[PDB]
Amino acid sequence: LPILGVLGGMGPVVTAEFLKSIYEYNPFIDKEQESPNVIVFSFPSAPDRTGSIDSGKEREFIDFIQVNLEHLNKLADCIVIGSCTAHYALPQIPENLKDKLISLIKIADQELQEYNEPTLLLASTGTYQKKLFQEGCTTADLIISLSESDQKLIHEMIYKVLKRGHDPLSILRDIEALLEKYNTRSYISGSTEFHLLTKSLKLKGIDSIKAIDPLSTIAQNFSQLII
């Protein structure tokens, strides 16, 4: 049977919610033996991703990712890292451990190709600084980049609201204002913590915003993707 391995804890709140999403979107028909097999390493003790970018101890962070990829390579058939920012480590990791990896950057890119409309990349300054989406996406011309001022406001939303488990709907007004400002009906979850907002919107039946949210997509399409 096909096993998904999640290297998560980045942050833990969204890591936990992602696991809920998997079984929410893959309900069983008769017996729960049908349902997805998943291994989660929720290690919040990973050194902060955006924090490690402003240090010589990117090295420390890349080691974290490498050792845990070694462990999960032995245990899982596909792997996901529960942080977009964290994908910056991948050029330093040997090609063999990235064999099973399913990139959140690539998943985002596939969705955006199908959607084919300008879309606002909501992400941390560190994700922006590492230019993961602009360098990684075939659809980069459809990505609207936040200004530096708005990047910091998003960083503030992620850390002061979403990572601390507060109601993701509490930032919806600020987000509609950004979408309205940058003149788009659509966002990319450049930070995985926007999985939490994506869920709260779907739950509330707000279908006016189009979320390109890789963790949602991985959950929805678990049967097809994991083999």
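Don't overthink the numbering: it's just position in the shown sequence, from 1.
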| item | value |
| --- | --- |
| Stretch with the higher entry mean CA B-factor, where the candidates are 178-186 and 58-66 | 58-66 |
| Higher-scoring stretch by recorded Cα B factor average, 68-76 or 137-145 | 68-76 |
| Of the residues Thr50, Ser191, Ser42, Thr198, the one carrying the largest Cα B-factor as recorded | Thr50 |
| Chain third (lowest, middle, highest) by recorded CA B-factor, residue given as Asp207 | highest |
| Ranked C-alpha temperature factor of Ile93 among modelled chain residues, by third | highest |
| Assigned third (lowest, middle, highest) for the C-alpha B factor of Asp109 | lowest |
| Lowest, middle or highest third - CA B-factor, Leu7 | lowest |
| Modelled-residue ranking by C-alpha temperature factor, third containing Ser83 | lowest |
